[PDB]
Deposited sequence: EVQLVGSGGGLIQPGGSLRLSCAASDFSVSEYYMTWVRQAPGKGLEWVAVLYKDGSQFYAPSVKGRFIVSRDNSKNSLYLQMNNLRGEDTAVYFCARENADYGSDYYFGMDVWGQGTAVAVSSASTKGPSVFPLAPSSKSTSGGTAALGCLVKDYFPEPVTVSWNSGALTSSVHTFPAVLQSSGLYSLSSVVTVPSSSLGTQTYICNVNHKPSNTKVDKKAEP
């Protein structure tokens, strides 16, 4: 599968730096214009930088001077160096293959994207979450997971490590007055297959090394 896998978001004080990367699968990063597009929380897309095959870059106004796109062929990986970071830079960052070459002719669109890597430019210190069970109605019955008081966004949550996919709702987090975010993840489940199953939610909040599992018994 031709694919881009991104690594290393995080939280940083303004003026700080940060490095993002993408590791390519089934294609050589050296053979393409490689490109970075970011998305601010609630906003649309914004192109930030391109890496040409010849190593020279091109940068967007908001970012020229502070950012560098580089690649490492030996690791078939793409990099973006993010210097003198400011709040305006707080966004989800997408690496993407630009299936193009203006040395030749043809352009084939930006056809492969990384899953998006989140960057929080802030002065607050990382606050990690707490994971509370949400135990149980019809012919089916619901249960979930409350994850509360964390900074910054985001959080990773799954049901039994990928297993339970269907009838799941992980909700947008809400910003509490306290300053911290809180989010709830819940899964619709047949009351028939009652608590005789092991329902574990899997919460992960990268900005602090916090990874939790949790049964949700009544």
*Just jot down which stretches of the deposited chain sequence have no CA coordinates, in the order they come.*
137-141
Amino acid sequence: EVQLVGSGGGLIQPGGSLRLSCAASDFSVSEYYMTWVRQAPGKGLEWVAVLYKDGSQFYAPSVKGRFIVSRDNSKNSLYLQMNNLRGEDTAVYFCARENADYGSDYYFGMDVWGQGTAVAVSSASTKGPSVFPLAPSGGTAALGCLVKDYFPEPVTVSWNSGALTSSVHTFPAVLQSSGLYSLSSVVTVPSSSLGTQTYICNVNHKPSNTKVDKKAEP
From here on, numbers count along this sequence of modelled residues.
*Report the stretch with the higher mean CA temperature factor, choosing between 163-171 and 33-41 on the basis of the entry.*
163-171
*Return whichever of 196-204 and 12-20 has the greater mean Cα B factor according to the PDB record.*
196-204
*asked:* Highest recorded C-alpha temperature factor, please, choosing from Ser28, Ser62, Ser70, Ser158.
replied: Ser158
*Among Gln115, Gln81, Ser137, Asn84 - the residue whose C-alpha B-factor is largest in the record*: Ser137
_For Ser177, the third of its chain into which the C-alpha B factor falls_ = highest
_Third of the chain, ranked by Cα B-factor, where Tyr102 sits_ = highest
*Would you please rank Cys95 by its C-alpha temperature factor against the other modelled residues of its chain and give the third it falls in: lowest, middle or highest?*
lowest
*Lowest, middle or highest third: where is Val2 by C-alpha B factor in its chain?*
middle
*Where does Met110 sit by CA temperature factor within its chain: lowest, middle or highest third?*
lowest
